[PDB]
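Report on one structure; see the data block that follows.
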Amino acid sequence: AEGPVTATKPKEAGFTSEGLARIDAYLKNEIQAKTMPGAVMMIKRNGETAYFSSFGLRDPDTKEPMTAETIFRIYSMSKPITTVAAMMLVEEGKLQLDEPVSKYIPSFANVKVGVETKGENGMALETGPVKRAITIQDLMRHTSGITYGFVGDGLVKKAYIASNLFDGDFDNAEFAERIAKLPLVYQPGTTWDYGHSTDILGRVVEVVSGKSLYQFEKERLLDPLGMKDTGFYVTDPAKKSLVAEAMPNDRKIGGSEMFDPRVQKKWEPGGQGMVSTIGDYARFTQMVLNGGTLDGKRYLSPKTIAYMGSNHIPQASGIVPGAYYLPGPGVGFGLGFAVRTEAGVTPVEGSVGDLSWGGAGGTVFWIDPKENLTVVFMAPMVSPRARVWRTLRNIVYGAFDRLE
């Protein structure tokens, strides 16, 4: 427990105080159940802060309190930021969505597609050529054939694991080469499958800009937006104790302990390596809700934002869901965002057109243009994250007193 971080205007935000109180009760109960050591959450609607509270601890071992300034490993929430960075280059005519990835990273020109088939001793992989080159758009919407070794199962995924992709101290250029040596799980441009595509996109950004992913983002987005505690590593000695840590029995991601952001390394993966704070990320999402601008500064045009927020894998795309379609029924996917397409069907409340994504470390956010709403939630945890995120959606929408 703890309470509000700042003053709030729930009624003007279109919520009831009784409804929002349900969030307090839920979070405190989950903390008591040891689902997480603590949590911080912010809800903004109609340009007003409807809710902003923190509860519990940011670290169960040190017993340090959960605060608004607490730094979280945001993992996959790094993707929308990486994608926005790439789209800035697109707006300047320095990158195109239909261009082949191989144009920037040659090793991807000759990747092969693995297909499971019966052999003398069980299932084995047959490999063949791609029918189409992987495009920049494919990377942005996860229809490139590039996957994640630890998500679901399969022979290609087992090959990812066997290749020990995360050994040593390597940079984005080297990681891209490691990925390029592996077979794809699906033909490029045909199937949605979550994977390392965004890490590859990050390298594309470096090739085009001539800068490291972090420096490019720092200059074009992080500094101007005021996201002073957002990056890939916590190098400021005064900020190292602010890193949130999950319960002892829930610190494993992909079969390994969470990386230590307090120790700088060469890798700056655009799909999973960032650290940030709720305040920093809220500015990023507000910028997106605003159509690409914040505090008088424009980062992307409103057309570009609308384009990123559109479904890029509907029927007209011919794209089909892969074996592990994470967004689930009633939800599509755009350029770095899951996009709700059905009012019902999806088993959680929300609005057609709302944008969202989460991180394996417990963080999640969503932007609802129809309801002029943005929500950011951060709590260090892994196994129960999806359950908590879905429940929070229900509670937030369940606290509405009116529709916009």
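The numbering of the sequence shown is the deposited numbering, which starts it at 25 and goes up by one.
In this text, a Cβ means the ideal position worked out from N, Cα and C, and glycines have one as well.
Whole-number beta carbon distance between residue j and residue i, since they are thought to touch under 8 Å
i, j, result
"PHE199", "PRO293", "7 Å"
"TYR75", "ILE47", "7 Å"
"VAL64", "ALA92", "6 Å"
"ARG364", "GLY377", "6 Å"
"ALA109", "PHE240", "6 Å"
"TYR172", "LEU206", "About 11 Å separates the two Cβ atoms, so there is no contact after all."
"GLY422", "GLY43", "6 Å"
"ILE277", "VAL388", "Actually they are not in contact, since the Cβ atoms of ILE277 and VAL388 sit about 15 Å apart, beyond 8 Å."
"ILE129", "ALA37", "With 8 Å as the limit, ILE129 and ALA37 do not qualify as a contact, their Cβ atoms being about 45 Å apart."
Close beta carbons around residue i, own chain, < 7 Å, minus the five adjacent residues each side
i, result
"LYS58", "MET271"
"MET282", "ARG97, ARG275 and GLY385"
"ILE419", "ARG46, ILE47 and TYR50"
"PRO28", "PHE76 and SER77"
"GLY297", "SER102, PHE256 and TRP291"
"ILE337", "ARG165, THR167, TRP216, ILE343, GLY356 and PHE357"
"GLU115", "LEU324, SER325 and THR328"
"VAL369", "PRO353 and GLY354"
Beta-carbon contacts of residue i that lie in its chain and below 6 Å, excluding the five residues immediately before and after
i, result
"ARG156", "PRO212 and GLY213"
"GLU269", "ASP83 and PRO404"
"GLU140", "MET147 and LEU179"
"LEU313", "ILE391 and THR398"
"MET66", "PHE76, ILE302, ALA306 and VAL400"
"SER233", "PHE240"
"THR222", "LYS103, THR106, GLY294 and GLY295"
"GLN161", "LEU121"
"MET402", "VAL64, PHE96, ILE302 and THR387"
For residue i, the three-state DSSP class (helix, strand or coil)
i, result
"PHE256", "coil"
"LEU397", "strand"
"residue 458", "No information on residue 458 is available, as it lies outside the stretch 25 to 428 that the chain covers here."
"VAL420", "helix"
"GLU123", "coil"
"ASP274", "helix"
"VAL287", "coil"
"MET282", "coil"
"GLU54", "helix"
"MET101", "helix"
"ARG69", "strand"
"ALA74", "strand"
"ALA25", "coil"
"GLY43", "helix"
"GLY382", "strand"
"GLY138", "strand"
"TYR305", "helix"
"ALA109", "helix"
"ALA49", "helix"
Beta-bridge pairing of residue i - partner residues as DSSP gives them
i, result
"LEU81", "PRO89"
"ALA133", "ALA133 is not bridged to any residue."
"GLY38", "Looking at the DSSP assignment, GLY38 forms no beta bridge with any residue, so it has no partner."
"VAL406", "Its beta-bridge partners do not exist; DSSP assigns none."
"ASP392", "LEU397"
"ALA63", "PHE79"
"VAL114", "Paired residue(s): none; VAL114 is not in a bridge."
"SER300", "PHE96"
"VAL267", "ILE95"
Cutoff 8 Å; reference residue i; Cβ partners in own chain excluding five residues on either side
i, result
"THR30", "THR73 and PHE76"
"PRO248", "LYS321 and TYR323"
"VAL154", "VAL135, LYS136, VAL137, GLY169, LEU208, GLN211 and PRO212"
"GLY152", "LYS136, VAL137 and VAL139"
"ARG202", "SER187, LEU189 and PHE194"
"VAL299", "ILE95, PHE96, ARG97, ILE98, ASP253, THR254, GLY255, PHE256, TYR257, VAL258, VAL267 and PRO285"
"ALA330", "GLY315"
"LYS263", "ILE95 and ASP253"
"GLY176", "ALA347 and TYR348"
Test: residue i CB closer than 8 Å to a CB of chain D
i, result
"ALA262", "Considering every chain present, this structure includes no chain D. It has just one protein chain."
Next on the checklist: Threshold first: 4 residues or longer. Then list the alpha helix (DSSP H) segments lying entirely within the segment 141 to 177, N to C.
Outcome noted: 160 to 165
Next on the checklist: Which runs of the alpha helix (DSSP H) at least 4 residues long sit entirely within the segment 170 to 253? Give them in chain order.
Outcome noted: 179 to 186, 196 to 204, 221 to 233 and 237 to 241
Item to check | Whole runs of the alpha helix (DSSP H) within the segment 307 to 379, excluding any shorter than 4 residues | outcome: Taken in chain order, the complete alpha helix (DSSP H) segments of 4 or more residues contained in the segment 307 to 379 are 326 to 332.
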